[PDB]
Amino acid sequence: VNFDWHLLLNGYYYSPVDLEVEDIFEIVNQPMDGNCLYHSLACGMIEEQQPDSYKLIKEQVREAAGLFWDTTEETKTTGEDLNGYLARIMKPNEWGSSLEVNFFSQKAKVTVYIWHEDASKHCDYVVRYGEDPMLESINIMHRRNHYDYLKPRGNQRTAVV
């Protein structure tokens, strides 16, 4: 896939694409609840993913937010402070977003691609938190408010390493 990367002042990369997801990935469907972002991030980090593995991710995001809030430019367009931000995202079944990917990527030192679905299993843009190539990073699929994991087609391990 040919990228046109733009490094943003917000602190991550952006690129338009025109991609049939299944030509490159397998969609690993995550539970259709408000924890789906954390499920899909756990799918990229834990090979033996469990139904509660997303909790491991969500707890790390809260500490990542406390560590990196004052140096993360993406926070500046939220309209919240740290105390109010944590009070929202720590709610059970509350929707995760790209800012939580931002914090987790900083804490775990892993690159995450977020592919935005515009029509059925087709993506029109992608954002990257990190520098690593696509095949050695976590890829997830943004589907309205839902998130799924994307696993490279010719791979045997679901999680990265």
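Just count from 1 along the sequence shown to find any residue number.
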Next on the checklist: Mean CA temperature factor from the deposited coordinates, higher in 96-104 or in 22-30?
Outcome noted: 22-30
Checklist entry - For the stretches 13-21 and 142-150, which has the higher mean C-alpha B-factor as given in the deposited record? => result 13-21
Next on the checklist: In terms of recorded Cα temperature factor, pick the maximum from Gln49, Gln60, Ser40, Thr111.
Outcome noted: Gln49
Item to check | Where the record places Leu135 (Cα B-factor, split into thirds across the chain) | outcome: highest
Checklist entry - Is the Cα B-factor recorded for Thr72 in the lowest, middle or highest third of its chain? => result lowest
Next on the checklist: Is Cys36 in the lowest, middle or highest third of its chain when residues are ranked by C-alpha B-factor?
Outcome noted: middle
Checklist entry - If you rank the chain by CA B-factor, which third does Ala119 end up in: lowest, middle or highest? => result highest
